[PDB]
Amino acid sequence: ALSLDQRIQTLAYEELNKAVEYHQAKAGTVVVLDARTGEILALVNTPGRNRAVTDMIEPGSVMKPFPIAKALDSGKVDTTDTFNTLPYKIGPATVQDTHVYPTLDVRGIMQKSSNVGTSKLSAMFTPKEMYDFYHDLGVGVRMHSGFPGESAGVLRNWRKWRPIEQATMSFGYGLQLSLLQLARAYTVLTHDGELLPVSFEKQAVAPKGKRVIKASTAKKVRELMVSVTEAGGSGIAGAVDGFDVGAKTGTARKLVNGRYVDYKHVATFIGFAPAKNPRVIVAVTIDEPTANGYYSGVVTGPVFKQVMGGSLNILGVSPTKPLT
C-alpha cells in the first residue's frame, strides 16, 4: 500500500497551485514526510516531470541548519557563542549578508540567515570533515526512493575544493540536492540525529537510521529553528496557530550561463512541527516567482503554513498551545 495520505496530497496540490498562479511562477513542488519514518505522505509538482525527485537545486539558506548542527555536535561551538559577521573576502570573492550585523550568536545566525556566520562555523572544520558530513546527510547519494530518474545531486570531492567553495557550500551554493533529498536531510533534525531512508510504501519494519549527530544536538537545533517562525525571524509567514514550528527560509539567485543573476530566484521553505517532537516535515519550493514578491517568506511561507497546519489537523495532532 502507498504511504501517501490523499487528504494531505489534495491539500498540498491546492495550496501549491494557488501560490504558483498568484506569484506567476514557472514551477513548484511540495513534499510532506513522516518525521520519524521517512514515509512520503504527500509529493506534488506543477504539471510535467516529478521535479521533487528528478531535479537538483542549490539549497541556499535551507542548508544552514546542517553546518550549525555539525559545529554544535563537535563540542567546538556553544549556542551562546558570538561570531564576527562582517563581510569578508576569500581571494577575489566576497562572503556577505543582505543585512549587515557586526556580530551574531548562533541563534541570530539561524534567525536572520547569516551567510557570513554560517561560513565561520564551517571554517572550524577541514574540507574532508565538511564533505564527510554533507555525504552523511545524503548529498550526492542515491536515496533508492523507488522513483525512476531520481537525482543523486552533486557534491564535489573535497580534494578539488577551493577555500571559497567550503564557505559557499555552508550557506548552500556549489552543491545541489533534489527537494526530496533536502526533506530527507531534515530527518537528521527530526529523528534524534539519525538520517532516515525515504519510501512511498507503508512501512512494516522500523526503518534503520544512520547516526549523523547526537540526539541532544538535534534537539538544540530544533529549538534554534523555532526562532525562524517567531518575531524577528525570516520565516514568520510560516508560523502555524497552536504550534511551535522549527523552519528555515531560503531565497537563491539562479545560475544563467555560469553567472548568478539578481532578477531570477528560487524560493524554498522547509520546516517541521511540533518543534519539540515533530510528526511531519513540509518542504516547499517555487521556481522563479515573477509577481507579488520573490522572497521565501512571502512566496513559500503561506504554502508551508497551510500545508503544515492542515497536515497536523489531518493526522489528529492537538495544538500544544492555545490558538490566537
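So that the term is clear: the rigid core is the largest set of C-alpha atoms that superpose within 1.5 Å between two forms. From 1 onward, residues are counted along the sequence shown.
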query: More shifted region, core-based fit in 4 other deposited structures of this protein, 232 to 240 vs 248 to 256 by CA; finding: 248 to 256
query: Greater Cα displacement in 4 other deposited structures of this protein once the core is superposed, comparing 260 to 268 with 291 to 299; finding: 260 to 268
query: Selected stretch [higher average CA B-factor]: 268 to 276 or 50 to 58; finding: 50 to 58
query: 102 to 110 set against 198 to 206, stretch whose average Cα temperature factor tops the other in the entry; finding: 198 to 206
query: Peak C-alpha temperature factor (PDB record), options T300, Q9, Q306, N17; finding: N17
query: Residue of maximum C-alpha B factor among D192, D136, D97, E129, per deposited coordinates; finding: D97
query: B-factor third for the C-alpha atom of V154 within its chain; finding: middle
query: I236 - which third its CA temperature factor falls in, relative to the rest of the chain; finding: highest
query: Third of chain Cα B-factors occupied by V261; finding: highest
query: Chain-relative CA temperature factor third for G293; finding: highest
query: Third assignment of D244 from its chain's C-alpha B-factors; finding: middle
